[PDB]
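J.: Based on what follows, work out the 3D shape:
(2 chains, ligands or ions: 3)
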Number of protein chains: 2
Amino acid sequence: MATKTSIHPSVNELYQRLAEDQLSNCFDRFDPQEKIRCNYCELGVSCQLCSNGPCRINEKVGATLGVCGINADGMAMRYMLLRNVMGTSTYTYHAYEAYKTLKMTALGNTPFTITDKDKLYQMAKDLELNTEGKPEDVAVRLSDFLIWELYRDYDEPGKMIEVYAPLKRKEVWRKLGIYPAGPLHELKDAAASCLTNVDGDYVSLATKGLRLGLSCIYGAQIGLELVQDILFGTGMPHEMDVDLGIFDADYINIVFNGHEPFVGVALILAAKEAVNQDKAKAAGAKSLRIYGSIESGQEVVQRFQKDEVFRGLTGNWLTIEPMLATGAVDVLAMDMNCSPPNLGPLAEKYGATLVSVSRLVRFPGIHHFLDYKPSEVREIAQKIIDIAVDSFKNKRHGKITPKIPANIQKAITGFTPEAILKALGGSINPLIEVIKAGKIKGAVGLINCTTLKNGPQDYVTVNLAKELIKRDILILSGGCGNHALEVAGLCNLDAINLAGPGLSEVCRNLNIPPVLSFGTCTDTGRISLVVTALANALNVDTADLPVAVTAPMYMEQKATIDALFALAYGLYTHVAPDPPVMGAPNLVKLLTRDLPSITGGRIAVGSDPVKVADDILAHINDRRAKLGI
Amino acid sequence: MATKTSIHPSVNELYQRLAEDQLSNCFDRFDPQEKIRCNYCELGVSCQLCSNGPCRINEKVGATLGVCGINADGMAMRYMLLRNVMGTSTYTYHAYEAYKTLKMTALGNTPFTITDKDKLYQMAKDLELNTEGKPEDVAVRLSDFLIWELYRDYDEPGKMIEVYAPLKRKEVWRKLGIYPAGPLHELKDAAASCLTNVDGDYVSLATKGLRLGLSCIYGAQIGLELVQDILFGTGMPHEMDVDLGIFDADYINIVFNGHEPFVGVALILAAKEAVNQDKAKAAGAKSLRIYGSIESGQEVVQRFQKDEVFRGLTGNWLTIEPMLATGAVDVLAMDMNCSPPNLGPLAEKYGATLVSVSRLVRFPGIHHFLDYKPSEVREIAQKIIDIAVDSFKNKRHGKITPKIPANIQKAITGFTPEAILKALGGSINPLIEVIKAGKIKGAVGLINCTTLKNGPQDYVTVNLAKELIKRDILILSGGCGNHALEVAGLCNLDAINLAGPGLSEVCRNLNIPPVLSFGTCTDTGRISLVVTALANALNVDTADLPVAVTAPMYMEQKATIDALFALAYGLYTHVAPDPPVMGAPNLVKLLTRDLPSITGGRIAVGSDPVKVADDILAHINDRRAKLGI
Ligand code: SF4
Ligand code: SF4
Ligand code: FES
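T.: Numbering: from 1, shown residues only, chains lettered A, B, ... in the order given. Ligands and ions are numbered 1, 2, ... in the order given. Have a look at this structure:
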């Protein structure tokens, strides 16, 4: 086939089974869409927002404006803003559930506990909360405070942004009028702006997008990730097994898949109970095992070890259909994106049971719906185990032929700001030393999805990462793009020898890989803590640091909201494939050429790994020169 | 000339001036878009939500599913849900500002007061709030409670829905799982569901649309309209002037345009100050006048009299460009949709000044930006007056040639539930008796925009209304469609001559027109109070009543969210033009054929006035037969 598949042999092997079984799958479905691609939509110059449409910009035939009067620049930026309301809403949804989960845990009504009490008290102190009473009392106050940050209106000052952002950024944001309200109000204001005949000004709409990105990081992401650390521990580096060879057909295999890790943690706790292992053995299995997929899986591997029960990370979202084709999964428990909506016929062919554990996730052919509530997660996890044992006995065992690829890779996971400081001996200064000396030229935040638009699964991401480390650029990674680097072997100690002269030397001395796994796209806020620490140590603004961000195989608006944040934060932000805006020439000029004089950041483009890496290195070296290094 | 223009002569005269002046306008811009219409988008079977797209459904080349695996029905319903997030967001934005305006008024910080104190105390008692102390204390408490209704989550029981919705409906909603959270959480949940690889199930997406409609009416619309009644009075029927002949070129003319009435009320109060009338006269004007446009204008005409200062209502949103072509406007002050984004060049040519009074409203060529805050609205109004005096002197008077059409129509505005009860002698019983006897066959809620898609401006709306009243069907109207019927003369006593024999008899006896102006699309919740009262008097469910809803020239999602509410409320709901759904056969079946067995309601379609009226009458007669009347 000339069908774009994957850079990973395990996925290519399983794609062959899908094709031979004549089952629909993302790789094959790309080809028919390629025959009929709409150029207007590709360029951002179509609109479907009201009944006078649908409209298109085509100046050659006199269609210079939409019926309502909007121009191409406003049209393109408006649809970008509307889609980014979806991205912000997902992070806001997740944060709210994290805060309710901490509150209910503190009240004693979940299987969870308060694990990182030091972080709980430090956060409460930094936010000037009352710290008297028991740890549980403090956790309740923190949960209510972080809910207040979600709800804050555009007229009440926030505290998270003051604690966690650097000084010069705050001044820039106040000058521009982009200090945000809470994300719930900001996303509502953004959506209202996009209604027909409201905001048709591309500069205004772009500014609203920048505000929305700031609200997402300071108003949702930083709080949610620190709360998940309080519940489940702060990650430290440890070795993890990845890729699809981690499966063994003789066990009952439950896979959790999504972004929110609460059900997965409850499943691991329940699977460790003897009553449930005994059930699996009586059903004919060797034992019962739990596995993570995509971002929920990554959240767990950041904080938990591989053991007899929890087995590691399968892969990113384009691995889900291949995973079912192993014929080894008993339950796939899905909590959020990505849960692709044609899994039904694959689950039927390969003998797997599909369980949704969120009211958000629905599609044809799901077998069970167990919507999450903190006070019911113990019961949900036990029901899932019961379903999995019956599915193994009645659907899979003795009926489905397994075809599990042999590929397994090792990755060191669980890097956090805290783990970096520890690896440096307690201070950031040794990292500053090696950057000033030129051994490490700079650092890149790789915050990405995966997609088929600009290559086989993960092709641009992995090859770009190789080119960056060759140029002595350290990578901090999150998202489906992080899962790709783990599976490709860039996150273990052998990868030291893939780096250039200075970075390989530093990594060898510190005993760390040249790509540091920081988790998920939800950890963009956490990555900003590292960049903010560098800004303070060098006493410079973030826009002047030798850093950059890349989302090189972006798919949807969890990544683009992080890119909008990076722009507001003053950074060179590479995005591929092109977002649908290139038919809007004044918008393109704003994002790629004029933003350095506004926020300090800019959008960069392209899918050639060498050219993209060269352009990033040139920016880094420009920053270095002005710093005197 | 074959161009689609308007049913209204005044608009047609002003279109000729726009054309002579070679200025772009909605009527002329429709033609170029016609030449290149995308049939995939017309049918709802294109998607632009992620980078693997843009996708289209075309079975001939094997493009049966999007790359992600979503089918045509999920694709169409998902984009409908996302767009209705925008609609819900505008109502939620408006409600929040109304509640902050009431609270700040109670604290003494605005030019407004507590006008309908009886409504304040009755609403507080119905909601079981503390009524001790000062009226201002009660108003603060009510404002805080209604803000809580906006913010309540999916697991916290509402009170507005219990007070204002009937039990038989509440039982259906609980059985279906569509009892909503507050609108802020509901709209965030809906947006998150629309992200790629989250909710791809058309039945689930439709159900989430019904929930969203319920959250909008009970969590935003009823509260905001009753709070506006508390601030500005409860409407009673009175005579108003409408259409573009109300302008006079020798006065300073300030037009307020949008949905939120706060700036408009402040302008009327400021214009009544002798110092401001004196400024106008010293500038060469006869005096200073305020006019209302679209929904903000309608809110004011519902509650305020015509006098020497406030002159009435210009018309609906397709009248805005023609209105500027009169060469009589000094300031257009814009607070929300509809503010079409190419007004700039028209304002320049005709010598009018554009002022935005909301952070939502931005587009090229606006002259001043005065974002609303309750504590600043007194200063905003004064600044607008000073701007208008300068503009009259320097831009318009004696320099721009006015061309004001002669047309003025009379309309009886300000119908409310309270006004209907008063006209009936204090109870709904007389209306029940004339429905039972067959003098009035049934009643229609016409809750509508205007558009060019399915005819010249207001052609379908006005002619459908005429066909309905001829069939002895009473109309309650709101929205741009209400402005259309007012301008067409269907809302005065002369219009009784066009009603059928039974309705004309009732109208003459009660001294009311056959079309009752209930205000805006934001008054859908208020209209439900009348429908709930009819169902209670007859001891039946709302789905059993001889009523229907029509949005016969819908444009955007302020109207569609009201249609989704009407479906959830069990009603036959006619919508034209077709929403972009007709390429999705199972979604079409759900909405048009299966919903009667689910909620009781159904979507009806079509743009022929006679056929649409006959289909509505047939539904009414089916309901009557089942009731035995
Ligand atoms: S919002 Fe404007 S450009 Fe978009 S469909 Fe409506 S008339 Fe066309
Ligand atoms: S969400 Fe699915 S159908 Fe829509 S553009 Fe992405 S791959 Fe195509
Ligand atoms: S698919 Fe309709 S304009 Fe692109």
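
J.: and the stretch 101-250 of chain A, which residues reach ligand 1?
T.: residue A:196 (Cβ under 6 Å from any ligand atom). Yep, even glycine has a C-beta here, placed from its N, CA and C like the rest.

J.: Mind telling me which residue of the stretch 101-250 of chain A is nearest ligand 1?
T.: Proximity of the stretch 101-250 of chain A to ligand 1 (Cβ to the nearest ligand atom) peaks at residue A:196, 4.0 Å away.

J.: From residue B:614, how far out is that residue?
T.: Note on residue A:196: its distance to residue B:614, by Cβ to Cβ, to the nearest Å, is 32 Å.

J.: Then residue A:522?
T.: Using Cβ to Cβ, we find residue A:522 at a distance of 56 Å from residue B:614.

J.: The two - which one has more neighbours?
T.: residue A:522 (27 against 12; other Cβ atoms under 10 Å in any protein chain shown).

J.: Wait, a helix at the more buried one?
T.: Yes: per DSSP: H, G, I helix; E, B strand; the rest coil, residue A:522 lies within a helix segment.

J.: burial of the nearest residue to it once chain neighbours are set aside, as a residue count?
T.: Distances taken as Cβ to Cβ, 6 or more residues apart in numbering or on different chains place residue A:221 nearest to residue A:522, at 5.7 Å, with adjacent residues excluded. As a burial measure, residue A:221 scores 29 neighbours (other Cβ under 10 Å).

J.: And for residue A:518?
T.: For residue A:518, the count of nearby residues is 29 (other Cβ under 10 Å).

J.: I'd say it and residue A:415 touch.
T.: Yes: with contacts counted by Cβ atoms under 8 Å, residue A:518 reaches residue A:415, the gap being 5.4 Å.

J.: and the residue of the stretch 451-600 of chain A nearest ligand 1?
T.: For the stretch 451-600 of chain A, Cβ to the nearest ligand atom, closest residue to ligand 1: residue A:584, 12.9 Å.

J.: Pull out the buried positions in stretch A:482-500.
T.: A:482-492, A:495-496, A:498-500 (16 or more other Cβ atoms under 10 Å in any protein chain shown).

J.: Out of these, give me the two with the largest separation.
T.: Spatially, the most separated pair among these is A:483 and A:500, at 24.3 Å (Cβ to Cβ).

J.: before we move on, back to that, contacts only, for the residue of the stretch 451-600 of chain A closest to ligand 1.
T.: A:43-45, A:72-73, A:75-77, A:202 (Cβ atoms under 8 Å, 6 or more residues apart in numbering or on different chains).

J.: which one of these sits closest to residue B:536?
T.: Lowest distance from residue B:536 to these (Cβ to Cβ) belongs to residue A:75, with 47.6 Å.

J.: So that closest one, which state does it fall into?
T.: Per three-state DSSP, residue A:75 ends up helix.

J.: Around the closest residue to it other than its chain neighbours, count how many other residues there are.
T.: Excluding the flanking residues, the one nearest residue A:75 by Cβ to Cβ, 6+ apart is residue A:47, at 5.2 Å. Applying other Cβ under 10 Å, we find 28 residues neighbouring residue A:47.

J.: coming back round to it: out of the buried residues of stretch A:482-500, name the ones that lie in helices.
T.: Of the buried residues of stretch A:482-500, the ones assigned to helices by DSSP state H are A:482-487.

J.: Adding distance to residue A:20, write these out as a markdown table.
T.: Shown next, in a markdown table, are those (distance: Cβ to Cβ, whole Å):
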| residue | distance to residue A:20 |
| --- | --- |
| A:482 | 31 |
| A:483 | 26 |
| A:484 | 26 |
| A:485 | 30 |
| A:486 | 29 |
| A:487 | 24 |
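
J.: Reformat these as TSV; add distance to ligand 1.
T.: Converted to TSV, these look like this (distance: Cβ to the nearest ligand atom, whole Å):
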residue	distance to ligand 1
A:482	37
A:483	37
A:484	37
A:485	40
A:486	42
A:487	42
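
J.: Residue A:387: which element?
T.: Using DSSP states H and E, residue A:387 maps to helix A:377-391.

J.: Can you spell out which helices and strands pack onto that helix?
T.: Applying 3 or more Cβ pairs under 8 Å, 6 or more residues apart in numbering or on different chains; DSSP states H and E, one finds that helix A:377-391 contacts strand A:252-258, helix A:262-271, helix A:274-282, strand A:288-293, strand A:331-334, strand A:353-356.

J.: Out of the ones you listed, flag the one nearest residue A:189.
T.: Per Cβ to Cβ, nearest to residue A:189 of the helices and strands packed on helix A:377-391: strand A:252-258, 27.9 Å.

J.: does any part of that closest one sit near chain B?
T.: No: Strand A:252-258 does not reach chain B (Cβ under 8 Å from any Cβ of the partner chain); its nearest approach is 9.5 Å.

J.: From residue A:301, how far out is the spatially closest residue to residue A:66 that is not a sequence neighbour?
T.: Counting by Cβ to Cβ, 6+ apart, residue A:66 lies nearest to residue A:55, which is 4.1 Å off, once chain neighbours are set aside. Distance, residue A:55 to residue A:301, using Cβ to Cβ: 46 Å.
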